[PDB]
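Chemist: Data file my_file20.cif (mmCIF, C-alpha atoms) is appended below.
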```cif
data_target
loop_
_atom_site.label_atom_id
_atom_site.label_comp_id
_atom_site.auth_asym_id
_atom_site.auth_seq_id
_atom_site.Cartn_x
_atom_site.Cartn_y
_atom_site.Cartn_z
CA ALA A 1 -17.37 -0.91 -4.88
CA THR A 2 -16.80 -3.30 -2.00
CA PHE A 3 -13.32 -3.99 -0.63
CA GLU A 4 -12.79 -6.71 1.91
CA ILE A 5 -9.60 -6.13 3.85
CA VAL A 6 -8.28 -9.27 5.52
CA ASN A 7 -5.42 -9.50 8.02
CA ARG A 8 -3.78 -12.95 7.61
CA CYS A 9 -0.70 -11.78 9.53
CA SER A 10 0.05 -13.28 12.93
CA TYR A 11 0.20 -9.73 14.38
CA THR A 12 -2.38 -6.95 14.65
CA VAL A 13 -2.43 -4.33 11.94
CA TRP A 14 -4.35 -1.12 11.68
CA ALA A 15 -5.74 -0.90 8.18
CA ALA A 16 -6.10 2.50 6.52
CA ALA A 17 -8.01 3.66 3.46
CA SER A 18 -7.76 7.20 2.04
CA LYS A 19 -7.79 9.15 -1.22
CA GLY A 20 -5.31 11.70 0.15
CA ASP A 21 -7.77 14.50 1.02
CA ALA A 22 -10.44 12.36 2.75
CA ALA A 23 -11.08 9.02 4.40
CA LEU A 24 -12.51 6.15 2.43
CA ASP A 25 -15.35 4.71 4.50
CA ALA A 26 -14.31 4.97 8.15
CA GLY A 27 -10.67 5.51 7.08
CA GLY A 28 -9.06 3.03 9.49
CA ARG A 29 -9.66 0.14 11.86
CA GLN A 30 -7.80 -2.33 13.99
CA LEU A 31 -7.61 -5.83 12.48
CA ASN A 32 -6.50 -8.60 14.78
CA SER A 33 -5.03 -11.74 13.20
CA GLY A 34 -7.70 -13.28 11.02
CA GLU A 35 -10.15 -10.35 11.08
CA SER A 36 -11.86 -8.99 7.96
CA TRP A 37 -13.15 -5.45 7.45
CA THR A 38 -15.53 -4.67 4.59
CA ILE A 39 -15.59 -1.12 3.25
CA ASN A 40 -17.58 0.65 0.58
CA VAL A 41 -15.72 2.94 -1.81
CA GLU A 42 -17.74 5.38 -3.90
CA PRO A 43 -17.73 4.68 -7.66
CA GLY A 44 -15.44 7.02 -9.56
CA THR A 45 -12.90 7.28 -6.71
CA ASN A 46 -9.57 8.30 -8.24
CA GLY A 47 -6.28 7.81 -6.41
CA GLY A 48 -7.45 5.67 -3.51
CA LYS A 49 -4.96 3.72 -1.41
CA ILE A 50 -5.17 1.03 1.24
CA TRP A 51 -2.30 0.16 3.53
CA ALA A 52 -1.46 -1.43 6.85
CA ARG A 53 0.02 0.29 9.86
CA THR A 54 2.06 -1.54 12.48
CA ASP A 55 2.76 -1.07 16.18
CA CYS A 56 0.06 1.52 16.84
CA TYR A 57 -1.18 3.00 20.13
CA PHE A 58 -4.43 4.91 20.15
CA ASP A 59 -6.40 6.50 22.97
CA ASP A 60 -10.17 6.65 23.40
CA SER A 61 -10.36 9.68 21.06
CA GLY A 62 -8.70 7.70 18.19
CA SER A 63 -5.47 9.71 18.51
CA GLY A 64 -2.05 8.17 18.78
CA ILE A 65 0.95 6.95 16.85
CA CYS A 66 2.04 4.03 14.64
CA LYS A 67 5.57 2.95 13.76
CA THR A 68 4.77 2.46 10.06
CA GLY A 69 2.14 4.21 7.96
CA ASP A 70 1.01 6.78 10.55
CA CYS A 71 -1.52 9.21 9.04
CA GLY A 72 -1.11 12.29 11.25
CA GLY A 73 -1.71 10.35 14.46
CA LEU A 74 -5.32 9.32 13.69
CA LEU A 75 -6.99 5.90 13.84
CA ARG A 76 -9.31 7.03 11.08
CA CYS A 77 -7.04 8.26 8.33
CA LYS A 78 -7.99 11.26 6.17
CA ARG A 79 -4.54 11.62 4.60
CA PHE A 80 -1.89 9.18 3.34
CA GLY A 81 0.50 7.47 5.69
CA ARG A 82 4.14 7.96 6.51
CA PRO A 83 6.52 5.55 4.72
CA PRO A 84 7.39 2.78 4.75
CA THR A 85 4.04 1.52 3.47
CA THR A 86 3.28 -1.19 0.94
CA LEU A 87 0.40 0.37 -1.07
CA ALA A 88 -2.68 -1.02 -2.73
CA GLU A 89 -3.67 1.68 -5.23
CA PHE A 90 -6.82 2.06 -7.24
CA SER A 91 -8.81 4.30 -9.52
CA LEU A 92 -12.38 3.18 -10.13
CA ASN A 93 -14.80 3.77 -13.02
CA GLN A 94 -12.31 5.62 -15.20
CA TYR A 95 -13.94 5.63 -18.62
CA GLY A 96 -15.50 2.25 -17.96
CA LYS A 97 -12.47 0.56 -16.36
CA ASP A 98 -10.94 0.08 -12.92
CA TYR A 99 -7.15 0.27 -12.48
CA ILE A 100 -5.34 -1.47 -9.62
CA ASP A 101 -1.71 -1.88 -8.64
CA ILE A 102 0.62 -2.54 -5.76
CA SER A 103 3.40 -0.04 -5.21
CA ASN A 104 6.69 -0.09 -3.31
CA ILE A 105 7.44 3.53 -4.30
CA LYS A 106 6.84 4.53 -0.65
CA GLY A 107 8.65 1.46 0.68
CA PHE A 108 7.39 -1.77 2.17
CA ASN A 109 6.07 -2.72 5.59
CA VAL A 110 3.65 -5.65 5.25
CA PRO A 111 3.26 -8.20 2.44
CA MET A 112 0.05 -7.86 0.44
CA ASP A 113 -2.20 -9.47 -2.13
CA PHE A 114 -4.68 -7.28 -3.98
CA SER A 115 -7.17 -9.32 -6.02
CA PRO A 116 -10.61 -8.82 -7.53
CA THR A 117 -13.47 -10.85 -6.06
CA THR A 118 -15.46 -10.46 -9.31
CA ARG A 119 -14.65 -11.73 -12.79
CA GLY A 120 -12.48 -10.37 -15.55
CA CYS A 121 -8.91 -9.57 -14.38
CA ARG A 122 -6.04 -10.94 -12.29
CA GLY A 123 -4.70 -9.82 -8.94
CA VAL A 124 -1.24 -8.72 -7.97
CA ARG A 125 0.90 -9.60 -5.00
CA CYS A 126 4.08 -8.61 -3.19
CA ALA A 127 4.73 -11.24 -0.57
CA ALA A 128 8.51 -11.59 -0.42
CA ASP A 129 10.50 -10.93 2.72
CA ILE A 130 11.54 -7.41 1.79
CA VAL A 131 12.05 -6.37 5.41
CA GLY A 132 14.38 -9.26 6.17
CA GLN A 133 16.44 -8.64 3.02
CA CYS A 134 16.27 -4.80 3.09
CA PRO A 135 19.58 -3.03 2.33
CA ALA A 136 21.13 -1.57 5.49
CA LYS A 137 20.73 2.07 4.41
CA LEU A 138 17.00 1.63 3.75
CA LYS A 139 16.04 -0.22 6.95
CA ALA A 140 13.60 1.76 9.06
CA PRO A 141 14.19 1.43 12.85
CA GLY A 142 10.44 1.28 13.55
CA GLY A 143 10.15 -1.55 11.12
CA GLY A 144 9.91 -1.75 7.37
CA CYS A 145 12.10 -1.04 4.38
CA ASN A 146 12.09 2.56 3.15
CA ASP A 147 12.31 3.60 -0.48
CA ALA A 148 15.37 5.55 -1.51
CA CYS A 149 13.47 8.81 -2.22
CA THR A 150 12.27 8.89 1.40
CA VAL A 151 15.80 8.25 2.73
CA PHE A 152 18.03 10.31 0.45
CA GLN A 153 15.73 12.98 -1.08
CA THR A 154 17.54 13.25 -4.44
CA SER A 155 16.08 14.20 -7.83
CA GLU A 156 17.09 10.80 -9.17
CA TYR A 157 15.37 8.69 -6.53
CA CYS A 158 12.31 10.96 -6.32
CA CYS A 159 12.12 11.45 -10.10
CA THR A 160 11.64 15.16 -9.50
CA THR A 161 12.47 16.26 -13.07
CA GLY A 162 10.26 13.54 -14.58
CA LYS A 163 13.40 11.90 -15.90
CA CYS A 164 15.02 9.23 -13.79
CA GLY A 165 16.13 5.67 -14.23
CA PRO A 166 16.15 2.54 -12.10
CA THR A 167 18.69 2.49 -9.27
CA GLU A 168 20.44 -0.09 -7.12
CA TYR A 169 17.69 0.49 -4.58
CA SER A 170 14.73 0.33 -6.94
CA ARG A 171 16.13 -2.91 -8.43
CA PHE A 172 16.13 -4.48 -4.96
CA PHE A 173 12.38 -3.99 -4.63
CA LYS A 174 11.82 -5.08 -8.23
CA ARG A 175 13.86 -8.28 -7.84
CA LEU A 176 11.78 -9.37 -4.82
CA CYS A 177 8.44 -8.07 -6.14
CA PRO A 178 8.33 -7.78 -9.92
CA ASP A 179 4.59 -7.09 -10.02
CA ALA A 180 4.84 -3.94 -7.90
CA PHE A 181 6.01 -0.45 -8.89
CA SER A 182 9.64 0.01 -7.73
CA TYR A 183 10.19 3.65 -8.79
CA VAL A 184 8.10 6.44 -10.31
CA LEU A 185 8.88 5.63 -13.98
CA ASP A 186 8.90 1.86 -13.64
CA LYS A 187 7.27 -0.04 -16.49
CA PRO A 188 3.61 -0.11 -15.25
CA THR A 189 2.31 -3.17 -13.48
CA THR A 190 -1.19 -1.77 -13.35
CA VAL A 191 -4.04 -4.23 -13.97
CA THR A 192 -7.15 -3.17 -15.85
CA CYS A 193 -10.37 -4.60 -14.46
CA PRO A 194 -14.00 -4.11 -15.50
CA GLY A 195 -15.58 -0.94 -14.14
CA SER A 196 -17.32 -1.54 -10.83
CA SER A 197 -15.34 -4.64 -9.83
CA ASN A 198 -15.05 -5.62 -6.16
CA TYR A 199 -11.83 -6.52 -4.42
CA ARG A 200 -10.02 -8.12 -1.50
CA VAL A 201 -6.81 -6.84 0.06
CA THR A 202 -5.05 -9.53 2.08
CA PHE A 203 -2.17 -8.68 4.40
CA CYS A 204 0.36 -11.51 4.78
CA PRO A 205 -1.24 -13.65 2.05
CA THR A 206 1.26 -16.54 2.34
#
```
Can you present the structure in this file as C-alpha cells?

Modeler:
Amino acid sequence: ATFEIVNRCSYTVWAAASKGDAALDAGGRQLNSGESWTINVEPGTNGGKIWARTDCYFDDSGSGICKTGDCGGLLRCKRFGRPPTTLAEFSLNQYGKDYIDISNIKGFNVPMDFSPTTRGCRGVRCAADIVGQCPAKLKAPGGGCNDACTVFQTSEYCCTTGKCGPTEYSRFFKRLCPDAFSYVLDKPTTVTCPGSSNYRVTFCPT
C-alpha cells in the first residue's frame, strides 16, 4: 500500500512510521513545510502507526532527540514514539479489509487528517487546537497535550483491568475531536476501507 505523508504545517516535522517492532519503509524523515514523503507499506501489516515529531535535533548518524514523539533517539524509527503523539493507526488486508483510525490515546501533538486516496471509504481528522486548549495538568512542557494515562498512571486512565469509563480528561479530547479515540474503551471510530487501499496522512490539514 502507498501512503503519502504531507506536512502542511508552517513548521518542520519529522515524520515516523513503525509497527512497534520494526520500521515501516525508512521509518522516519524530515518534512519541511509543504514537503511530501511517499512510503510503501507491505500488505498485511497489522498495527502500523504514523506520527509527527516536533523540535528534533539529529546528527550525521541519525541519532538525536525530539521534544514530542521521540522513538529512542533515532531519525529512522523502529519503535513507537514517546507521547504526546497524535496517531494515525492502520491494519491492512485483514480478511479482505483495511482498518484506519486516528487516536488521541497517547495524547496530541500535531493536527492530522488521514484519508484514503482510493475509492470506497471516508477519512478521519483531528484538527482542533488541542494544544492551545489543553487542561493545565496535561500540558507537556516540550509541547503537546498528554493523555491522562501517561501523566497519572492509574488503572482507570490506562484501562489496565479492561474495565474503565470515560473521564474528565478523555472527554476533553473527545469534545474537540469526536472522530478520534479518546480512551482505550471509547466507542470505536475505526473506518473500514477496501483491502489494499492507498492513503494520505496530512499534518496540519486546515

Chemist: To verify the selection step, state as a PDB file with C-alpha atoms, in the frame of the given file which residues the PyMOL selection byres ((chain A and resi 151-167) around 8) yields on this input.

Modeler:
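Listed below is the output, selection09.pdb:
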```pdb
ATOM      1  CA  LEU A 138      17.000   1.630   3.750  1.00  0.00           C
ATOM      2  CA  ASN A 146      12.090   2.560   3.150  1.00  0.00           C
ATOM      3  CA  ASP A 147      12.310   3.600  -0.480  1.00  0.00           C
ATOM      4  CA  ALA A 148      15.370   5.550  -1.510  1.00  0.00           C
ATOM      5  CA  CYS A 149      13.470   8.810  -2.220  1.00  0.00           C
ATOM      6  CA  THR A 150      12.270   8.890   1.400  1.00  0.00           C
ATOM      7  CA  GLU A 168      20.440  -0.090  -7.120  1.00  0.00           C
ATOM      8  CA  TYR A 169      17.690   0.490  -4.580  1.00  0.00           C
ATOM      9  CA  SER A 170      14.730   0.330  -6.940  1.00  0.00           C
ATOM     10  CA  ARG A 171      16.130  -2.910  -8.430  1.00  0.00           C
ATOM     11  CA  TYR A 183      10.190   3.650  -8.790  1.00  0.00           C
ATOM     12  CA  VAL A 184       8.100   6.440 -10.310  1.00  0.00           C
ATOM     13  CA  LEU A 185       8.880   5.630 -13.980  1.00  0.00           C
ATOM     14  CA  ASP A 186       8.900   1.860 -13.640  1.00  0.00           C
TER      15      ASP A 186
END
```

Chemist: Given the file shown, determine the residues that the PyMOL selection byres ((chain A and resi 191) around 9) selects; report them as a list in words.

Modeler: residues 98, 99, 100, 101, 121, 122, 123, 124, 188, 189, 190, 192 and 193 of chain A

Chemist: So what does the PyMOL selection byres ((chain A and resi 198-200) around 6) actually pick up in this one, as a list in words?

Modeler: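 Output from the PyMOL selection byres ((chain A and resi 198-200) around 6), applied to this file: residues 1, 2, 3, 4, 5, 114, 115, 116, 117, 118, 197 and 201 of chain A.
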
Chemist: Within 9 Å of (-9.0, 12.8, -0.1) (file coordinates; only C-alpha atoms), which protein or nucleic acid residues are there? I'd like them as a VMD selection string.

Modeler: chain A and resid 18 to 24 47 to 48 78 to 80

Chemist: Point out the residue among A:108, A:71, A:113, A:12 with the least atom-to-atom distance to residue 132 in chain A, counting all atoms listed in the file.

Modeler: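 Using all atoms listed in the file, the shortest distance to residue 132 in chain A belongs to A:108.
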
Chemist: Which distance in Å separates CA of residue 11 in chain A and CA of residue 56 in chain A, to one decimal?

Modeler: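 These atoms are spaced 11.5 Å apart.
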
Chemist: List as a list in words the protein and nucleic acid residues near residue 55 in chain A, meaning an atom at most 9 Å away when only C-alpha atoms are counted, but skip any in the same chain fewer than 5 places from it.

Modeler: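 The filter keeps residues 12, 13, 14, 65, 66, 67, 68, 142 and 143 of chain A.
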
Chemist: Output C-alpha atoms of each residue in that selection to a file, as a JSON list (two decimals), in the coordinates of the input.

Modeler:
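Result file part_35.json:
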```json
[["chain", "number", "residue", "atom", "x", "y", "z"],
["A", 12, "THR", "CA", -2.38, -6.95, 14.65],
["A", 13, "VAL", "CA", -2.43, -4.33, 11.94],
["A", 14, "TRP", "CA", -4.35, -1.12, 11.68],
["A", 65, "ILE", "CA", 0.95, 6.95, 16.85],
["A", 66, "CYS", "CA", 2.04, 4.03, 14.64],
["A", 67, "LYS", "CA", 5.57, 2.95, 13.76],
["A", 68, "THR", "CA", 4.77, 2.46, 10.06],
["A", 142, "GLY", "CA", 10.44, 1.28, 13.55],
["A", 143, "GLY", "CA", 10.15, -1.55, 11.12]]
```

Chemist: Between CA of residue 40 in chain A and CA of residue 72 in chain A, what is the spacing in Å?

Modeler: 22.8 Å

Chemist: Point out the residue among A:76, A:8, A:119, A:29 with the least atom-to-atom distance to residue 196 in chain A, counting all atoms listed in the file.

Modeler: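 Ranked by minimum distance to residue 196 in chain A, first place goes to A:119.
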
Chemist: Hey, which of A:27, A:69, A:135, A:178 ends up closest to residue 84 in chain A? Count all atoms listed in the file.

Modeler: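 Ranking A:27, A:69, A:135, A:178 by distance to residue 84 in chain A, first place goes to A:69.
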
Chemist: Would you compute, for all listed atoms of range 20-30 of chain A, the axis-aligned bounding box grown by 4 Å on each side, and then report its centre and edge lengths in Å rounded to one decimal, as AutoDock Vina command-line options?

Modeler:
```
--center_x -10.3 --center_y 6.1 --center_z 7.1 --size_x 18.0 --size_y 24.8 --size_z 21.8
```

Chemist: Between CA of residue 38 in chain A and CA of residue 182 in chain A, measure the distance and give it in Å to one decimal.

Modeler: 28.4 Å

Chemist: Give me the residues within 9 Å of residue 73 in chain A as a tab-separated table (two decimals) with C-alpha atoms, in the frame of the given file, counting all atoms listed in the file and dropping any in the same chain fewer than 4 places off.

Modeler:
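Just written: around_24.tsv:
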```tsv
chain	number	residue	atom	x	y	z
A	58	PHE	CA	-4.43	4.91	20.15
A	62	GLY	CA	-8.70	7.70	18.19
A	63	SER	CA	-5.47	9.71	18.51
A	64	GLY	CA	-2.05	8.17	18.78
A	65	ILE	CA	0.95	6.95	16.85
A	66	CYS	CA	2.04	4.03	14.64
A	77	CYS	CA	-7.04	8.26	8.33
```

Chemist: My list of candidates is A:51, A:203, A:172, A:37. Which is closest to residue 90 in chain A when distances are computed with all atoms listed in the file?

Modeler: A:51

Chemist: Taking all atoms listed in the file into account, name the residue in A:126, A:102, A:177, A:52 that is nearest to residue 83 in chain A.

Modeler: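 Comparing A:126, A:102, A:177, A:52 against residue 83 in chain A, the winner is A:52.
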
Chemist: Find the residue from A:179, A:59, A:70, A:25 that sits nearest to residue 112 in chain A; use all atoms listed in the file when measuring.

Modeler: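 Using all atoms listed in the file, residue 112 in chain A sits closest to A:179.
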